[PDB]
Every structure is written in C-alpha cells, then in structure tokens.
>>> print(open('run37.txt').read())   # compact mmCIF, C-alpha atoms
# COMPACT_ATOMS: atom_id res chain seq x y z
CA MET A 19 -151.79 -33.91 99.95
CA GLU A 20 -153.22 -30.44 100.87
CA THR A 21 -156.46 -30.78 103.01
CA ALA A 22 -156.89 -27.01 103.76
CA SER A 23 -160.19 -26.78 101.69
CA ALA A 24 -160.55 -24.62 98.51
CA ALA A 25 -162.29 -21.97 100.72
CA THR A 26 -162.44 -20.82 104.41
CA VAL A 27 -163.58 -23.34 107.10
CA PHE A 28 -164.01 -23.38 110.95
CA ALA A 29 -161.29 -21.73 113.14
CA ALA A 30 -160.89 -18.03 114.27
CA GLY A 31 -161.80 -19.11 117.88
CA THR A 32 -158.32 -20.03 119.37
CA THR A 33 -154.64 -18.88 119.71
CA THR A 34 -153.42 -22.23 118.16
CA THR A 35 -155.00 -24.88 115.79
CA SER A 36 -153.56 -28.18 117.25
CA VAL A 37 -152.78 -29.95 120.58
CA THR A 38 -150.13 -32.63 121.41
CA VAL A 39 -151.19 -35.22 124.03
CA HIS A 40 -148.33 -37.02 125.85
CA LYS A 41 -148.21 -39.87 128.47
CA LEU A 42 -146.38 -39.65 131.82
CA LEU A 43 -145.76 -42.36 134.46
CA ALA A 44 -143.90 -42.79 137.79
CA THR A 45 -140.88 -45.05 138.56
CA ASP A 46 -142.05 -46.18 142.07
CA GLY A 47 -145.78 -45.12 142.17
CA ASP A 48 -144.85 -41.40 142.71
CA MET A 49 -147.79 -39.96 140.63
CA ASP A 50 -149.12 -38.15 143.78
CA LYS A 51 -145.98 -35.92 144.26
CA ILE A 52 -145.65 -35.61 140.43
CA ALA A 53 -149.27 -34.26 140.20
CA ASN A 54 -148.37 -31.62 142.87
CA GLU A 55 -145.11 -30.86 140.91
CA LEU A 56 -147.46 -30.19 137.89
CA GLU A 57 -150.38 -28.28 139.59
CA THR A 58 -147.75 -25.57 140.40
CA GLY A 59 -147.00 -25.20 136.62
CA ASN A 60 -149.34 -23.67 133.97
CA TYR A 61 -149.69 -27.13 132.25
CA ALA A 62 -153.39 -26.58 131.38
CA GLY A 63 -151.91 -25.06 128.15
CA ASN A 64 -148.07 -25.19 127.90
CA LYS A 65 -145.63 -28.17 127.67
CA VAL A 66 -144.14 -29.51 130.97
CA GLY A 67 -140.91 -27.50 131.52
CA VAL A 68 -139.67 -29.48 134.59
CA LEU A 69 -140.08 -33.27 135.10
CA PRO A 70 -138.90 -35.13 138.26
CA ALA A 71 -136.34 -38.03 138.16
CA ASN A 72 -139.14 -40.22 139.66
CA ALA A 73 -141.18 -39.47 136.45
CA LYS A 74 -140.87 -41.09 132.95
CA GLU A 75 -142.59 -41.01 129.50
CA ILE A 76 -144.12 -43.80 127.29
CA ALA A 77 -145.01 -44.22 123.58
CA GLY A 78 -147.69 -46.70 122.30
CA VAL A 79 -150.73 -45.81 124.54
CA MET A 80 -154.13 -45.21 122.83
CA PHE A 81 -156.57 -42.38 123.70
CA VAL A 82 -159.90 -41.02 122.35
CA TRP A 83 -161.41 -37.46 122.59
CA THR A 84 -164.83 -36.93 124.27
CA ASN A 85 -167.29 -34.25 125.48
CA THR A 86 -168.21 -33.07 129.04
CA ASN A 87 -170.98 -35.73 129.29
CA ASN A 88 -168.37 -38.44 128.39
CA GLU A 89 -169.60 -38.97 124.77
CA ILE A 90 -167.08 -40.03 122.07
CA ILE A 91 -166.71 -37.24 119.45
CA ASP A 92 -165.20 -36.60 115.99
CA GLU A 93 -162.57 -33.83 115.31
CA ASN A 94 -165.39 -31.29 114.50
CA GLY A 95 -167.60 -32.03 117.63
CA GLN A 96 -170.15 -34.53 116.15
CA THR A 97 -171.02 -37.28 118.71
CA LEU A 98 -170.71 -40.98 117.67
CA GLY A 99 -173.52 -42.52 119.86
CA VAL A 100 -171.00 -44.00 122.39
CA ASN A 101 -170.26 -43.02 126.02
CA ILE A 102 -167.52 -43.92 128.58
CA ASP A 103 -167.53 -44.18 132.43
CA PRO A 104 -164.83 -41.98 134.15
CA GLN A 105 -164.41 -44.77 136.79
CA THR A 106 -164.88 -48.04 134.77
CA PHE A 107 -163.60 -46.76 131.36
CA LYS A 108 -166.21 -49.18 129.77
CA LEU A 109 -167.91 -48.35 126.43
CA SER A 110 -171.74 -48.10 126.11
CA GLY A 111 -171.36 -50.06 122.80
CA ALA A 112 -168.82 -51.06 120.08
CA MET A 113 -165.76 -49.13 118.71
CA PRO A 114 -166.82 -46.00 116.65
CA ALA A 115 -166.01 -45.22 112.98
CA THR A 116 -164.90 -41.55 112.54
CA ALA A 117 -164.04 -40.76 116.24
CA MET A 118 -161.06 -38.52 117.25
CA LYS A 119 -158.36 -41.06 118.41
CA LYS A 120 -154.56 -41.78 118.06
CA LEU A 121 -151.57 -43.52 119.78
CA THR A 122 -148.36 -41.85 121.19
CA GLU A 123 -145.50 -42.11 118.59
CA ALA A 124 -142.15 -41.32 120.29
CA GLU A 125 -142.74 -38.17 122.44
CA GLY A 126 -146.57 -37.71 122.24
CA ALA A 127 -149.45 -37.58 119.62
CA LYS A 128 -150.88 -34.61 117.55
CA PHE A 129 -154.62 -33.76 117.36
CA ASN A 130 -155.91 -30.91 115.10
CA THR A 131 -158.41 -28.59 116.96
CA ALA A 132 -159.26 -25.96 114.27
CA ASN A 133 -162.58 -27.73 113.45
CA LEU A 134 -163.84 -27.89 117.09
CA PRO A 135 -166.17 -25.13 118.36
CA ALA A 136 -165.24 -23.09 121.46
CA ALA A 137 -166.17 -25.48 124.32
CA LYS A 138 -164.88 -27.92 127.03
CA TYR A 139 -163.82 -31.53 126.18
CA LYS A 140 -162.25 -34.71 127.73
CA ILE A 141 -159.65 -37.45 126.88
CA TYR A 142 -159.95 -41.20 127.76
CA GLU A 143 -157.06 -43.74 127.74
CA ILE A 144 -158.23 -47.05 126.18
CA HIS A 145 -155.92 -50.15 126.30
CA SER A 146 -158.20 -52.10 123.81
CA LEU A 147 -156.14 -51.30 120.63
CA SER A 148 -152.65 -52.94 120.36
CA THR A 149 -150.32 -51.09 122.79
CA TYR A 150 -146.59 -51.36 123.75
CA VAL A 151 -145.75 -54.54 125.77
CA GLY A 152 -145.91 -53.49 129.46
CA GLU A 153 -148.17 -56.29 130.95
CA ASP A 154 -145.57 -59.06 130.20
CA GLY A 155 -143.04 -58.44 133.06
CA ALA A 156 -141.56 -55.13 131.71
CA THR A 157 -140.60 -51.83 133.49
CA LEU A 158 -144.30 -50.73 133.13
CA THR A 159 -146.50 -50.79 136.28
CA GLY A 160 -150.06 -51.84 135.16
CA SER A 161 -151.53 -48.95 137.25
CA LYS A 162 -154.96 -47.40 136.41
CA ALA A 163 -154.93 -44.05 134.59
CA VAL A 164 -157.52 -41.33 135.47
CA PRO A 165 -159.30 -39.36 132.63
CA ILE A 166 -158.37 -35.80 131.45
CA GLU A 167 -160.43 -32.58 130.94
CA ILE A 168 -159.46 -29.71 128.56
CA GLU A 169 -160.68 -26.31 127.22
CA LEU A 170 -159.50 -24.92 123.82
CA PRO A 171 -156.49 -22.50 123.66
CA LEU A 172 -157.36 -18.84 124.34
CA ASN A 173 -153.95 -18.40 126.03
CA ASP A 174 -150.47 -16.88 125.10
CA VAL A 175 -148.88 -20.39 124.58
CA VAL A 176 -146.76 -21.19 121.47
CA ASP A 177 -148.21 -24.76 121.27
CA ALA A 178 -150.91 -26.60 123.35
CA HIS A 179 -150.16 -29.90 125.21
CA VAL A 180 -151.73 -32.57 127.59
CA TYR A 181 -150.38 -34.73 130.51
CA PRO A 182 -152.49 -37.82 131.61
CA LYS A 183 -151.53 -39.37 135.01
CA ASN A 184 -152.11 -42.54 137.09
CA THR A 185 -153.41 -42.80 140.72
CA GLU A 186 -153.42 -46.59 141.46
CA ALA A 187 -150.13 -48.35 142.52
CA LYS A 188 -148.62 -51.89 141.96
CA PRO A 189 -150.40 -54.83 143.74
CA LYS A 190 -149.13 -56.08 147.16
CA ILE A 191 -150.68 -59.57 146.65
CA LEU A 192 -148.26 -60.81 143.91
CA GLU A 193 -144.63 -61.77 144.81
>>> encode(input="run37.txt", output="structure tokens")
Amino acid sequence: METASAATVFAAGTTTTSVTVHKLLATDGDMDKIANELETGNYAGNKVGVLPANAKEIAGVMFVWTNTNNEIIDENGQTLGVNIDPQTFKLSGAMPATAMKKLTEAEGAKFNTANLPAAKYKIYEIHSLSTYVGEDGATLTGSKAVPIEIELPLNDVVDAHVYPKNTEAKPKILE
C-alpha cells in the first residue's frame, strides 16, 4: 500500500524524514559510565558507533512520543489530552487512541517524522503494554529508565536515532 498522498504534504523542514529509537542497558548497573561514553559522541542525531562490553541491547520495550510539556502526541503533533510525569511515569488518564507509539523489534523501532512541525519533543518508556519477560528471574535488571528529549534533524546525519538509558540499580534488600 502506498500512503504518500496523491499530492504534496508536510515535510521540507528536516535533513531526514524518520527516526529509529533503540533501547540500551548495562550488565552490572554501569549506565553512569555508559552515559559518559555517549555524551562524548554526537548521539543527539547519529547511531552509536562505539558501545562498551558492559553495555547491551533489548527488543520488546514500549515507548510513546510526547511534547515539551509532557503531553502525549500523534505523528503530526496533535495532542491526545493525556500527560505523563518525568519522575513517576504515571498517566493523567487512560491509554490514547491515535498516539505515536511502538515496541522495539530486533535492533530498535522506526518512527516517521515528516508530518511533525519543526519543534522539540520527548519519549517516554511505558511497561504497561505486553513486554519481553525480564521481571521473572531473567538477565534483565528491573531498573528505572529516565525519559528522553529530542529536536528534529537539521544535521548532516544519514539516518536519525535515539538511545534511552537507566539510572537506578538492582535492589540490595533481596537475596
């Protein structure tokens, strides 16, 4: 199916028309050194060229796109009447209809940006839709993720990408 429209729509505001959002994790809570191993790179736009051996990648996480006042938006910038705390990750209401959301497939997840206007945006990582089995004694940590901020590509990159990180570590209470 061709969804390009029978005439000209949106666009002409960026150097690329899509973004791929990934998910990174640490092996032993190392997200702090990893985030300094990434602030040195230009990873506001381009895909991570050098990962550490204390880093790893995971498919089957869910995330939603939002605006700078933490409102849930559609893939053209219309706001759905729902908001999210950066600290609590709680929703001001129930799950939206047309909102901009997807899960990681095998390396990441694609989001089309051509229909967004030239502005700043955010991404929130919601474990409320059925995810990969980490919480059942697996090699996953159960650490809290922190939210992402992004501005649309006006940069010499070949493709745009995103790298969400954690900042909490495993509990010391449980044996």
>>> closest_residue(input="run37.txt", among="A:79, A:73, A:187, A:175", to="residue A:148", atoms="all atoms listed in the file")
A:79
>>> atom_distance(input="run37.txt", atom1="atom CA of residue A:42", atom2="atom CA of residue A:191")
25.2 Å
>>> closest_residue(input="run37.txt", among="A:56, A:49, A:44, A:82", to="residue A:68", atoms="only C-alpha atoms")
A:56
>>> residues_around(input="run37.txt", residues="residue A:186", least_positions_apart="5", cutoff="8 Å", atoms="all atoms listed in the file", output="ChimeraX atom specification")
/A:47,161-163
>>> write_last_selection(input="run37.txt", atoms="C-alpha atoms", output="short mmCIF file (atom, residue, chain, number, x, y, z; two decimals), in the frame of the given file")
data_model
loop_
_atom_site.label_atom_id
_atom_site.label_comp_id
_atom_site.auth_asym_id
_atom_site.auth_seq_id
_atom_site.Cartn_x
_atom_site.Cartn_y
_atom_site.Cartn_z
CA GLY A 47 -145.78 -45.12 142.17
CA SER A 161 -151.53 -48.95 137.25
CA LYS A 162 -154.96 -47.40 136.41
CA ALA A 163 -154.93 -44.05 134.59
#
>>> atom_distance(input="run37.txt", atom1="atom CA of residue A:60", atom2="atom CA of residue A:84")
22.6 Å
>>> closest_residue(input="run37.txt", among="A:126, A:111, A:160, A:135", to="residue A:81", atoms="all atoms listed in the file")
A:126
>>> closest_residue(input="run37.txt", among="A:123, A:93, A:57, A:75", to="residue A:28", atoms="all atoms listed in the file")
A:93
>>> atom_distance(input="run37.txt", atom1="atom CA of residue A:174", atom2="atom CA of residue A:66")
15.3 Å
>>> closest_residue(input="run37.txt", among="A:53, A:172, A:109, A:29", to="residue A:184", atoms="all atoms listed in the file")
A:53
>>> closest_residue(input="run37.txt", among="A:193, A:169, A:154, A:177", to="residue A:86", atoms="all atoms listed in the file")
A:169
>>> residues_around(input="run37.txt", residues="residue A:26", least_positions_apart="4", cutoff="12 Å", atoms="only C-alpha atoms", output="mmCIF file with C-alpha atoms, in the frame of the given file")
data_model
loop_
_atom_site.group_PDB
_atom_site.id
_atom_site.type_symbol
_atom_site.label_atom_id
_atom_site.label_comp_id
_atom_site.auth_asym_id
_atom_site.auth_seq_id
_atom_site.Cartn_x
_atom_site.Cartn_y
_atom_site.Cartn_z
ATOM 1 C CA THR A 21 -156.460 -30.780 103.010
ATOM 2 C CA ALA A 22 -156.890 -27.010 103.760
ATOM 3 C CA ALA A 30 -160.890 -18.030 114.270
ATOM 4 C CA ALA A 132 -159.260 -25.960 114.270
ATOM 5 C CA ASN A 133 -162.580 -27.730 113.450
#
